[PDB]
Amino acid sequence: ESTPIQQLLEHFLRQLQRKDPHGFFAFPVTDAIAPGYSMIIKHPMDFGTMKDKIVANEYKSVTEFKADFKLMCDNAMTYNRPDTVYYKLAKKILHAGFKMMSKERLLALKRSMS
């Protein structure tokens, strides 16, 4: 049975995943496909890793989940040059996700749950 934090973060996760219809953030980037990746990016992150943390009930807060989401986007904006599809999408998704997960929207949602 889903815990309250699992419900909440799964909700956000699925909203965020719909901003990425080609699945460029669905699973991890690797050196095989992105030369130098693990030398440049210390803490890699992707929606699939976030999903496993939720399914495992390993998140302690919405803050932590937001910190992973931001990590994923910051990694994409660090590794990839401004000119690329991945940089530009990371930027839209980042802006979109912080709006979707604002304090007020989170407050409205937590009130209606329990």
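Heads up, when I say rigid core I mean the largest set of C-alphas that superpose within 1.5 Å between the two forms. Residue numbers here begin at 1 and follow the sequence given.
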Superposing the other structures by the rigid core, the farther-displaced stretch by RMS over CA atoms in 9 other deposited structures of this protein, of 66-74 and 26-34, is 26-34
Higher-B stretch (mean Cα B-factor, as the entry records it), 105-113 or 3-11:
105-113
Per the PDB entry, mean CA B-factor is higher for 67-75 or 80-88, namely for 80-88
Per the PDB entry, which option out of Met39, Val29, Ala26, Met50 has the greatest Cα B factor?
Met39
Within this chain's modelled residues, let me know which third the CA B factor of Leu16 belongs to: lowest, middle or highest.
lowest
What third of the chain does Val62 rank in for C-alpha temperature factor, lowest, middle or highest?
middle
Tertile call for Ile54 (CA temperature factor, within chain, third-based) is the lowest
